[PDB]
Amino acid sequence: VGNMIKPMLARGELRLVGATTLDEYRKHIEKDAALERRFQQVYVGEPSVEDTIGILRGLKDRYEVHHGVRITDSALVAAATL
Amino acid sequence: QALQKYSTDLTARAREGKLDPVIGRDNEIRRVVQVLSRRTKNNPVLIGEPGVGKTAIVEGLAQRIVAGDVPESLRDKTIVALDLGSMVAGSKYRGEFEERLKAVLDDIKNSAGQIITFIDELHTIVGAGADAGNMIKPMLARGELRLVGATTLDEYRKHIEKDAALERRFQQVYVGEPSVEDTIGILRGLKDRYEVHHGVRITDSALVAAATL
Amino acid sequence: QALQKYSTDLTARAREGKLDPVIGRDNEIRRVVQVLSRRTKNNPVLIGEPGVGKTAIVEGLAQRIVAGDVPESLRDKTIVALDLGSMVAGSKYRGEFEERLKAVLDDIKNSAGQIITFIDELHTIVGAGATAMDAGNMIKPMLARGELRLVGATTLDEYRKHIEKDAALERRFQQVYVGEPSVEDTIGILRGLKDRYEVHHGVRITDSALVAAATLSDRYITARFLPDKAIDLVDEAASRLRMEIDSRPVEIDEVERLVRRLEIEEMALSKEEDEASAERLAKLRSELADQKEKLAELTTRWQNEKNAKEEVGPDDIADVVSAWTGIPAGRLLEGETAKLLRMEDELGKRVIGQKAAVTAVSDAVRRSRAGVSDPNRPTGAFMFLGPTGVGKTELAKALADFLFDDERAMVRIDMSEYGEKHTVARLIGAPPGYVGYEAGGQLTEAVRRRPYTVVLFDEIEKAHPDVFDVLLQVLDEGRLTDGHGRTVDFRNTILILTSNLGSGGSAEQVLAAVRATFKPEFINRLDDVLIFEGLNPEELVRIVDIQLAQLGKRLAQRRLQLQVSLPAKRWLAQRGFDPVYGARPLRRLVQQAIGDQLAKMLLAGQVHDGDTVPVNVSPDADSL
Amino acid sequence: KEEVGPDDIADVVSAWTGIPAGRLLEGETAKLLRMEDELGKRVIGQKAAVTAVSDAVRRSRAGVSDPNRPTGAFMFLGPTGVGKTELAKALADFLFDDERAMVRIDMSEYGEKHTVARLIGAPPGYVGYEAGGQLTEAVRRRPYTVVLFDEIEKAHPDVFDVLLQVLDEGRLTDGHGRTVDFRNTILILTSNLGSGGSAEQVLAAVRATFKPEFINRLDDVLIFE
Ligand SMILES: Nc1ncnc2c1ncn2[C@@H]1O[C@H](COP(=O)(O)OP(=O)(O)OP(O)(O)=S)[C@@H](O)[C@H]1O
Ligand SMILES: Nc1ncnc2c1ncn2[C@@H]1O[C@H](COP(=O)(O)OP(=O)(O)OP(O)(O)=S)[C@@H](O)[C@H]1O
Ligand SMILES: Nc1ncnc2c1ncn2[C@@H]1O[C@H](COP(=O)(O)OP(=O)(O)OP(O)(O)=S)[C@@H](O)[C@H]1O
Ligand SMILES: Nc1ncnc2c1ncn2[C@@H]1O[C@H](COP(=O)(O)OP(=O)(O)OP(O)(O)=S)[C@@H](O)[C@H]1O
Numbered sequence: 284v297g298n299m300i301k302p303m304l305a306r307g308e309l310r311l312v313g314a315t316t317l318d319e320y321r322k323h324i325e326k327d328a329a330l331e332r333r334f335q336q337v338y339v340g341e342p343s344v345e346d347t348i349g350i351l352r353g354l355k356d357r358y359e360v361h362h363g364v365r366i367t368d369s370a371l372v373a374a375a376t377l
Numbered sequence: 159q160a161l162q163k164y165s166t167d168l169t170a171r172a173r174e175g176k177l178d179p180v181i182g183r184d185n186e187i188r189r190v191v192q193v194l195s196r197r198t199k200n201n202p203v204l205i206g207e208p209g210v211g212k213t214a215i216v217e218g219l220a221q222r223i224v225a226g227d228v229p230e231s232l233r234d235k236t237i238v239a240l241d242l243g244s245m246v247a248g249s250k251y252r253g254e255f256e257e258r259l260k261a262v263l264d265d266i267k268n269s270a271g272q273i274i275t276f277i278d279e280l281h282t283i284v285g286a287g288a295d296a297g298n299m300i301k302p303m304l305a306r307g308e309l310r311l312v313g314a315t316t317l318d319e320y321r322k323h324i325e326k327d328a329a330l331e332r333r334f335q336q337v338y339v340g341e342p343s344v345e346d347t348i349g350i351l352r353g354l355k356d357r358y359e360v361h362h363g364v365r366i367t368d369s370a371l372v373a374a375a376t377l
Numbered sequence: 159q160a161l162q163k164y165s166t167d168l169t170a171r172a173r174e175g176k177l178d179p180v181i182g183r184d185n186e187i188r189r190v191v192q193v194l195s196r197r198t199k200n201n202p203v204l205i206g207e208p209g210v211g212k213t214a215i216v217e218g219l220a221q222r223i224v225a226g227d228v229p230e231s232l233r234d235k236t237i238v239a240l241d242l243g244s245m246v247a248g249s250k251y252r253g254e255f256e257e258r259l260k261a262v263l264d265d266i267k268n269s270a271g272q273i274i275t276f277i278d279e280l281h282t283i284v285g286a287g288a289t293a294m295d296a297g298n299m300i301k302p303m304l305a306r307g308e309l310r311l312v313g314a315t316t317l318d319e320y321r322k323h324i325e326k327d328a329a330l331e332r333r334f335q336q337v338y339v340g341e342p343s344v345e346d347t348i349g350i351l352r353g354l355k356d357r358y359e360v361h362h363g364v365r366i367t368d369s370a371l372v373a374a375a376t377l378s379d380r381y382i383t384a385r386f387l388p389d390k391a392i393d394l395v396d397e398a399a400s401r402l403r404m405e406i407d408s409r410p411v412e413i414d415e416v417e418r419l420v421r422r423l424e425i426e427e428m429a430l431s432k433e434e435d436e437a438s439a440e441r442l443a444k445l446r447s448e449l450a451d452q453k454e455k456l457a458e459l460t461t462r463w464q465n466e467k468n469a530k531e532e533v534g535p536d537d538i539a540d541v542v543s544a545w546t547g548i549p550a551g552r553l554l555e556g557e558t559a560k561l562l563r564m565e566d567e568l569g570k571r572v573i574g575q576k577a578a579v580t581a582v583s584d585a586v587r588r589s590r591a592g593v594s595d596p597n598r599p600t601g602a603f604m605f606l607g608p609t610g611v612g613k614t615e616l617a618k619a620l621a622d623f624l625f626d627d628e629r630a631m632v633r634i635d636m637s638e639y640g641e642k643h644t645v646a647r648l649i650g651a652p653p654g655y656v657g658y659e660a661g662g663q664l665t666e667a668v669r670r671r672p673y674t675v676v677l678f679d680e681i682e683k684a685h686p687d688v689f690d691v692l693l694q695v696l697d698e699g700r701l702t703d704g705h706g707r708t709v710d711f712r713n714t715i716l717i718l719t720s721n722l723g724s725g726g727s728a729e730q731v732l733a734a735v736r737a738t739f740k741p742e743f744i745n746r747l748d749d750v751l752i753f754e755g756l757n758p759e760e761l762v763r764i765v766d767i768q769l770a771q772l773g774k775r776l777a778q779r780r781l782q783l784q785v786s787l788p789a790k791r792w793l794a795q796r797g798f799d800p801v802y803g804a805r806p807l808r809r810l811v812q813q814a815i816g817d818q819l820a821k822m823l824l825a826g827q828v829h830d831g832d833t834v835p836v837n838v839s840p841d842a843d844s845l
Numbered sequence: 530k531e532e533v534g535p536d537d538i539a540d541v542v543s544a545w546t547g548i549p550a551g552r553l554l555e556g557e558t559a560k561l562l563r564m565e566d567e568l569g570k571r572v573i574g575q576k577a578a579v580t581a582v583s584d585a586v587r588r589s590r591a592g593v594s595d596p597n598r599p600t601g602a603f604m605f606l607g608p609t610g611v612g613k614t615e616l617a618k619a620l621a622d623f624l625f626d627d628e629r630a631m632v633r634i635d636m637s638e639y640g641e642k643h644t645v646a647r648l649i650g651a652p653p654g655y656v657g658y659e660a661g662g663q664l665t666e667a668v669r670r671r672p673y674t675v676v677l678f679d680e681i682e683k684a685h686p687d688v689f690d691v692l693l694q695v696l697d698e699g700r701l702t703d704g705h706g707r708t709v710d711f712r713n714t715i716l717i718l719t720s721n722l723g724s725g726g727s728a729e730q731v732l733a734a735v736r737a738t739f740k741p742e743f744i745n746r747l748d749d750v751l752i753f754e
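Next up, the structure:
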């Protein structure tokens with residue numbers, strides 16, 4: 284999105312959870328939609344350096360068995376900042 | 159078996175109690191009835207800025223029919239929720255949407271004049287062409309189907325008024341937005357549905373403050 | 159036999175008499191006949207605006223064939239109506255459409271000139287079956306030799322959108338322009354048609370209704386054409402009347418529904434374990450009782466009239542034209558004539574003084590309901606001017622309030638922004654082929670909907686002296702034309718042009734400044750150029766009363782109210798000084814002297830919701 | 530204490546649109562009472578003005594103010610370098626804690642007639658039409674800002690005929706024909722009339738420069754010491 300899911304949706308039997316980008320959503324769901332009255336926006340901008348560092352250090356063991364070499368917090372933070 | 163896979167039954171839906179209890183707006187229901195009960199060219203079209211309840215009037219008419227509060231020549235008519243999103247959708251050939259549209263029209267006009275029809279957002283009626297949404301006029305301007313509609317001001321002006329010879333077959337019912345007092349009335353009417361859905365309670369002062377803010 | 163499978167019949171329907179009778183239109187049918195009976199290229203195509211009758215002519219021709227009033231060479235021809243829809247039902251294969259078309263064509267040809275085909279809306283014949294043009298012109302050879310006759314009727318703004326583009330085919334068609342009839346002929350059409358409706362609905366119809374409908378449908382509904390927008394009014398009136406011979410008439414069913422609503426509401430609002438419901442329920446009881454009284458009174462009057530309304534009259538038409546295109550055009554049914562005779566002292570509640578202007582506005586509104594006004598000219602075009610803070614904008618808003626009950630239902634344009642000439646396109650739309658064109662005009666597409674609103678022109682003298690020239694037609698008659706060329710109607714909207722010319726010179730110097738800031742032919746359009754006058758210290762006391770009423774009504778949201786003593790009430794007006802700034806200083810004084818202290822107390826405790834506070838004067842200020 | 534209340538709705542309608550509409554929940558009242566002094570830490574001097582703006586905010590949020598008119602239309606003027614723009618910025622920093630969340634426009638640029646189109650837009654059929662107007666776009670969202678008019682003495686007396694109805698109604702109409710509401714903003718417009726003269730030599734400059742229809746619109750004309 297077209298006109299084939301709105302008669303299904305304004306009845307209360309299905310629940311769709313979608314996803315897209317900001318400007319794209321502003322394109323296909325604003326001009327030709329007339330449906331935006333039944334869609335609720337949720338914003339997820341971007342994590343920060345400190346947050347993606349936690350993400351990395353959470354997701355480290357999986358690769359330490361995939362390849363398996365060694366990991367250093369210095370390497371993680373360097374990757375993040377660089 | 160023609161209008162069985164391209165339509166539902168809004169009347170039977172209201173009989174199953176799964177509709178919302180419209181409150182007020184008796185002027186517009188009476189206007190819609192005294193238009194839908196005409197002799198020729200009986201097709202009302204609910205017009206008004208978006209959000210003010212242009213479908214709620216049609217559900218109200220359905221509930222009133224089910225309850226039996228309508229004039230003599232309006233009982234047991236079983237208004238039908240037609241749809242075109244599922245007729246023009248799967249068709250990749252020459253002249254295939256036409257067979258479906260003609261089957262629907264034929265099934266309507268075989269039965270007596272008791273299949274009052276309802277297309278919502280009928281600004282999706284001028285397309286389907288490529295000579296579509298245009299073979300319907302000979303049955304429109306003769307009182308064969310009733311075709312209760314609902315469209316926004318903008319879409320109406322942009323999509324229909326460019327096709328004047330079709331706009332003639334319609335009647336406008338300007339559904340203006342309600343005032344604060346009528347809004348409080350409607351809110352107080354609907355309170356119980358949400359009070360049941362969410363296991364909480366809602367105060368009348370809260371309703372008034374909502375309708376005022 | 160393929161005909162009997164891909165087409166209906168018309169002469170049969172005529173013989174069994176299912177076609178509405180046809181009246182008038184003699185020259186058109188004669189021309190159609192003499193074209194339909196020529197040697198080569200005998201194809202009439204009825205053209206003209208939508209609604210004026212382009213199929214009724216063909217059905218009249220069918221009736222005339224059944225009767226026998228046609229010339230010799232048109233005897234017993236059995237007109238047939240094709241159907242290009244059911245000819246393309248299933249043709250997903252390659253030739254399943256050309257086969258059917260050839261079948262129908264050779265079947266027409268094997269009939270020795272008997273059949274006279276009739277394709278309704280023949281502008282759909284162009285793209286019969288495509289993929293590169295192959296179909297829809299298979300009848301182009303047979304047309305020329307006059308094998309088939311092919312009478313058809315299509316609208317006027319599509320004959321140059323689809324067919325005229327293909328002038329190889331259009332050449333084989335003769336056009337029969339069909340103009341719209343006048344009121345004198347519409348009256349006859351109705352007088353002849355005034356049986357089918359009178360029968361379908363079990364009612365009777367009076368000729369006064371026919372005449373009044375044929376007049377109002379031309380005066381007011383300026384969007385459709387005459388033979389149809391007139392019949393619609395009669396039909397809806399009869400439908401409503403039949404719906405009233407049902408159990409109960411209107412104006413009582415609505416009141417009983419409203420009473421039941423207020424009952425079901427007061428019943429469920431009573432069990433409120435709350436305090437904010439005390440003063441909200443005390444009025445609902447009053448309203449329920451005072452509507453049930455009217456219910457009982459209407460009931461008793463109906464029983465009287467029933468113990469001591531069977532056909533439509535020339536006023537139910539007015540009620541329909543009022544319910545649709547909400548212009549009110551009834552006959553002043555005694556429910557509001559008191560209101561109209563009271564209009565002066567009813568507007569005096571929001572404006573104090575300026576009885577001269579209130580009288581002019583009241584007269585121009587009154588003498589239009591009684592049908593004495595100029596039928597093609599706006600309902601009045603006033604420009605009232607004077608010093609500032611006097612009440613001109615307030616009077617305009619008060620008039621819109623009294624008329625509509627909703628101040629937010631008038632059209633207000635600030636002519637202080639139109640300082641540049643080119644900004645006039647903001648209210649007239651941009652020509653075709655430019656940026657903003659699909660949205661049309663703004664003032665125009667505001668008036669075209671609900672053409673009963675009030676129009677208002679703030680600060681007319683600030684605009685460039687070329688915006689003034691767009692309003693000449695608007696004031697002379699009710700016509701303005703946006704980009705799309707269409708024309709809106711201003712015949713029944715009350716124009717108002719506020720201003721500030723000649724601040725305080727004299728009651729005559731300003732009548733020499735206006736004539737120097739305008740043109741000689743612009744002043745000539747307006748009605749009386751009302752001149753406001755400043756305020757007197759005796760007149761500001763009532764203004765103080767009004768401001769205090771406003772402040773109390775706004776405070777009643779926190780269930781407070783005040784008790785003002787006459788010392789302070791006259792002190793405030795005694796501080797309505799400097800007869801140069803009108804009456805706004807009084808508003809700023811009320812603020813500065815009451816609101817600040819009231820808020821200071823209110824948000825510092827000690828003034829908890831409920832209890833009223835009395836204001837009492839002091840030597841210089843006033844304390845609470 | 531397991532049911533919705535008539536202030537949770539205000540909580541929602543303030544949780545979006547930014548408007549602080551409510552019934553003076555706790556802490557907020559302490560801040561409002563503690564305003565004249567809390568604003569003094571950034572604006573030393575000018576005792577007369579801070580009280581006026583503070584009373585305006587107090588009235589507007591306490592529940593006694595005309596719902597259809599701006600929340601104040603002050604124009605304060607005085608000698609050079611006294612703290613006018615700085616008072617405005619300190620206010621905006623007080624009730625937002627974001628110095629860059631107000632909409633200031635420099636009236637020093639609009640010495641030309643036609644440059645007004647930046648805060649209105651262009652009529653239908655001209656170059657910049659679908660973009661809108663700068664001021665109108667900035668105010669249609671964030672309907673709680675603090676509009677400012679830096680040194681409104683330069684723009685020759687035609688821009689005074691848009692504020693003439695921005696004030697007293699909070700109305701403005703951009704190119705597309707829309708309408709915006711200024712009903713809950715605080716318009717503030719400085720100046721430099723006077724320049725040394727007494728209060729009765731600058732109150733003549735105001736009269737001889739502007740019009741009665743204008744001076745009558747805006748609120749108290751604060752003079753700075
Ligand atoms: N008179 C009424 N009685 C009861 N519920 C109403 C009434 N008017 C409006 N509503 C409710 O308000 C909402 C309006 O939704 P709809 O009327 O279905 O939307 P709509 O009027 O079709 O506008 P669009 O064009 O579809 S976005 C629904 O939740 C209705 O239940
Ligand atoms: N001369 C006439 N005598 C009687 N009734 C007429 C006459 N002219 C028009 N009418 C009626 O006025 C209405 C006009 O209907 P039509 O002529 O069928 O519409 P139309 O002219 O075909 O316009 P379109 O574009 O096809 S919708 C019908 O109710 C006709 O019965
Ligand atoms: N006769 C009056 N009756 C009641 N209130 C009045 C009257 N005259 C003035 N007022 C008050 O003064 C306010 C300002 O008057 P307005 O008419 O709005 O100003 P104006 O007449 O438009 O003058 P200009 O030229 O536009 S500044 C009104 O909103 C009222 O509150
Ligand atoms: N009472 C005061 N409190 C705090 N800073 C002040 C005060 N008076 C002056 N200042 C400082 O004076 C400087 C100039 O203040 P501004 O308000 O920016 O100048 P201005 O008032 O705009 O004068 P013009 O006419 O625009 S040049 C800033 O650095 C302020 O911090």
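Protein sequences appear in the order of chains D, Y, G and S.
Those letters in the first sequence? Residues 284, 297 to 377, per PDB author numbering, in order.
Those letters in the second sequence? Residues 159 to 288, 295 to 377, per PDB author numbering, in order.
Those letters in the third sequence? Residues 159 to 289, 293 to 469, 530 to 845, per PDB author numbering, in order.
Each residue of the fourth sequence is one higher than the one before, counting from 530 in PDB author numbering.
Yeah, the Cβ is synthetic: ideal placement off N, Cα and C, and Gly gets one too.
Close to chain S, meaning a Cβ-Cβ distance shorter than 8 Å, are the following residues of the stretch 359-370 of chain Y: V364, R365, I366, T367, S369 and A370.
If you draw a 10 Å sphere on the C-beta of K570 (chain G), you find fewer than 16 other C-beta atoms in it, and that means exposed. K613 (chain G) sits buried, since 16 or more C-beta atoms from the chains shown fall within 10 Å of its C-beta.
Residue side-chain check: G182 (chain Y) places its Cβ nearer than 6 Å to a non-hydrogen atom of ligand 1.
With respect to the C-alpha of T316 (chain Y), the residue from Y:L204, Y:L371 and Y:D264 having the closest C-alpha is Y:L204. Secondary structure remark: continuous beta strand (DSSP E) runs of at least 3 residues inside the stretch 601-678 of chain G, in chain order: 632-635.
In the structure shown, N837 (chain G) adopts extended strand secondary structure according to DSSP, grouped into three states. Inter-residue distance for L259 (chain G) and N185 (chain G) is about 34 Å (C-alpha atoms, whole angstroms). By the neighbour-count definition (other C-beta atoms within 10 Å, threshold 16), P652 (chain S) is a buried residue.
Here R365 (chain Y) carries a strand assignment [DSSP, helix/strand/coil].
In this structure, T316 (chain G) has its beta carbon less than 6 Å from a heavy atom of ligand 2.
The beta carbon of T213 (chain G) is closer than 7 Å to those of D278 and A314 in its chain, skipping five residues each way along the sequence.
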